[PDB]
Each structure stands twice: as structure tokens, then as C-alpha cells.
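A.B. asks: Mind folding the following:
(chains A and B, ligands or ions: 1)
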Amino acid sequence: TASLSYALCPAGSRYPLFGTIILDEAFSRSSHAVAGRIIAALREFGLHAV
Amino acid sequence: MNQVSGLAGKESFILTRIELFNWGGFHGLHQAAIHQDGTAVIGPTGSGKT
Ligand SMILES: Nc1ncnc2c1ncn2[C@@H]1O[C@H](COP(=O)(O)OP(=O)(O)O)[C@@H](O)[C@H]1O
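C.D. replies: Numbers count the residues shown, from 1 in each chain, chains lettered A, B, ... in the order given. Take a look:
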């Protein structure tokens, strides 16, 4: 997530112009307790994920 | 379907009990029972459950 956030950031700025990062069938080796971290973090970086 | 398992233990040797002593994150002696007919081992991430 950090990488794909960086790569989309236009030069100088740190708020990417394109926003819609997808995901699919992601959490098949983790507990509901830890997965709650990723969901909050992803939105924190500034992205917006289906 | 649960109670038919009783055949195992006559045609086969089934699992009954597992114990540890100073293994991994289990200090000292430790124990665990198991039933004749299917069980589960559940717990949150990072708990030695594998
Ligand atoms: N021999 C070991 N080497 C490194 N870490 C270990 C060892 N034994 C136990 N652990 C630790 O205990 C946990 C082992 O993971 P476990 O809880 O068995 O995995 P899972 O959550 O995939 O079932 C991890 O937190 C790991 O850091």
C-alpha cells in the first residue's frame, strides 16, 4: 500500500490524483482482530478502496 | 454424522491426548485433551496454534 501510494503521487505533492485502489480476497490467513489494522491503515494513506 | 465416528478406534488407532514440556512458547508442562469424534484448535494470531 505504501509503495502504490507513493508511485501515484505527482511530483512534489504527496496526495495522489488517481485514488481507486482495488483489492480482492485478501485476508485468508489473519484474524478479525489484526485485519482491522489494515483497513484503517489503507484509508489513512489517502486512498479509497473497493 | 458426528456419532458414527465411533468405528475409528476399533479399525484404527485414534488420537487421544497431546502434551508438551518447555516447547516453543509453552513454558513448562502443558496438556490438551481430544474427543473421539472430531475437534478444533482455535485462537487469535500469534499463539502457537500451529
Ligand atoms: N521457534 C520459533 N521461532 C520463532 N517464533 C516462534 C517460534 N515458536 C513460536 N514462535 C512465535 O509464536 C508464534 C508462532 O506462530 P503460530 O502462533 O504458531 O502461528 P499461526 O498464528 O499461523 O497459527 C509467532 O508469534 C512466533 O513469533
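A.B. asks: I'd say residue B:16 and residue B:35 touch.
C.D. replies: No: counting by Cβ atoms under 8 Å, residue B:16 sits too far from residue B:35 to count as a contact (9.2 Å). C-beta here means a position set from N, CA and C on the backbone, and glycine is covered the same way.
A.B. asks: Near the ligand, which residues of chain B are found?
C.D. replies: Residues of chain B found near the ligand (Cβ under 6 Å from any ligand atom) are B:24-25, B:45-50.
A.B. asks: backbone phi and psi for residue A:3, please?
C.D. replies: Torsion angles at residue A:3 (phi, psi; degrees, to the nearest 10) stand at phi -60, psi -60.
A.B. asks: Tell me, how many residues neighbour it?
C.D. replies: For residue A:3, the neighbour count with other Cβ atoms under 10 Å in any protein chain shown is 7.
A.B. asks: for the one 10 residues further on, same thing?
C.D. replies: By the measure other Cβ under 10 Å, the count of residues near residue A:13 is 8.
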